[PDB]
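Read off the chains here:
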Amino acid sequence: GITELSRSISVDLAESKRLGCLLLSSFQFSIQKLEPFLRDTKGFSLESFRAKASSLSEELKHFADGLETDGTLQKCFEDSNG
Amino acid sequence: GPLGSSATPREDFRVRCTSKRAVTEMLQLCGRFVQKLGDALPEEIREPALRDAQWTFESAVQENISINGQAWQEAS
C-alpha cells in the first residue's frame, strides 16, 4: 500500500540517497492526496496550487541535496548510542 | 571469501535507518516546505489541510523506513 514508495526507489542506490528520494516521493504523495479536494474558488485556482506545489517540489529536491552533503541525512544512519 | 553462505537478495525495500531522533529532526526541516503550501490553500480549509498534509508526509516517510530493522512505531 503506502510501502510502494520505498519499493519504487532503486536499491542500487546508496541508502542515504534512497532516503533523499523517499523525502521527495512522500512530499509528492501528500500533495496528490490533497489536490482532489481543491476547487477553483476566487483567489485560489487549482492551476496556481499546482504551480506552487511543483515549485516547492524542486526547492525540496535542492534542499535534500544540501542535507546529503552537509551530513544531516547521514545522521539517520549513524549510531554511537545505547 | 568462500566461507559462509551468501545472503539472499534484498526483500525489505524500506530505507534502513538507525536513529529515530535524526529522522524526526530531518522531518522537522522538510516540514517547512509543507507549510509553504498554505499560501496556495484557501483560508476555509488551510489549517486542517496543512495538518493533514504534514501528517501524511511524516507517515509516508516513517512507514517506508526501518529503525534498526524494526518498524518505526515499535522502535525507540
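- As recorded in the entry header, the structure was determined using X-ray crystallography to a resolution of 2.0020 Å.

**Examining the overall build of chain B**
And step 1. The helix and strand tally for chain B stands at 2 helices and 2 strands.
And step 2. Sequence-ordered secondary structure for chain B, helices as α and strands as β, is β-α-α-β.
And step 3. A compact globule built from 76 residues would reach a C-alpha radius of gyration of about 11 Å, whereas chain B, at 18 Å, exceeds it by more than 25%.
And step 4. Projected onto its principal axes, the C-alpha coordinates of chain B cover approximately 65 × 20 × 20 Å.
And step 5. By residue count, 46% of the 76 residues in chain B fall in the buried class.
And step 6. Of the contacts made within chain B by residues no fewer than 6 positions apart, 65% connect residues no fewer than 24 positions apart.
And step 7. Carbon and sulfur atoms form 47% of the exposed surface of chain B, whose accessible area is close to 4,700 Å².

**A short note on the environment of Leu 34 of chain A**
And step 1. Along the chain, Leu 34 of chain A turns up in helix α2 (residues 15-34).
And step 2. A residue is classified by how much of its surface remains accessible, and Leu 34 of chain A, at 5% relative accessible area, is buried.
And step 3. Expressed as a C-alpha distance, the spacing of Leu 34 of chain A and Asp 70 of chain A, which sit 36 residues apart in the sequence, is 32 Å.
And step 4. Not counting residues up to four positions away in its chain, the partners in contact with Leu 34 of chain A are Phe 49 of chain A together with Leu 41 and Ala 49 of chain B.

**Topic: the nonpolar core**
And step 1. By size, the foremost hydrophobic cluster in this structure holds 40 residues, and its most contacted members are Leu 19, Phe 27 and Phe 49 of chain A together with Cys 17, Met 26, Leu 37 and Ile 65 of chain B.
And step 2. Residue assignment for this core shows that the elements contributing at least two residues are α2 and α3 (46-69) of chain A together with β1 (15-17), α1 (20-35), α2 (46-62) and β2 (65-67) of chain B.
And step 3. Setting aside residues no more than four positions away along its own chain, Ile 65 of chain B makes contact with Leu 19 and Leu 22 of chain A together with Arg 14, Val 15, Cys 17, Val 23 and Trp 72 of chain B.

**Some details on the pattern of salt bridges**
All names here are of chain A.
And step 1. Tallied over the full model, the rule gives 6 salt bridges over all chains.
And step 2. Linking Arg 50 and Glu 35 is a salt bridge whose minimum nitrogen-to-oxygen distance equals 2.8 Å. Taken together, the residues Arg 50 in helix α3 and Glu 35 in the loop between α2 and α3 connect sequence positions 15 residues apart.
And step 3. The partly exposed category is assigned to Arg 50, whose relative accessible area is 49%.

Procedures and definitions
Residues numbered from 1 in each chain as written, not as in the entry; some residues may be left out. Chains lettered and ligands numbered in written order. Heavy atoms only, no water. Helix = DSSP H or I, 4+ residues; strand = E, 2+ residues; numbered from the N terminus. Rg over C-alpha atoms; globule rule 2.2 N^0.38 Å. Buried < 20%, exposed > 50% of the residue type's maximum accessible area, 1.4 Å probe, protein only. Contact = heavy atoms within 4.5 Å. Areas by Shrake-Rupley, 256 points an atom, 1.4 Å probe, with all protein chains shown as cover. Core = buried A, V, L, I, M, F, W, Y, C linked by side-chain atoms within 4.5 Å. Salt bridge = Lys/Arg side-chain N within 4 Å of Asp/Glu carboxyl O.

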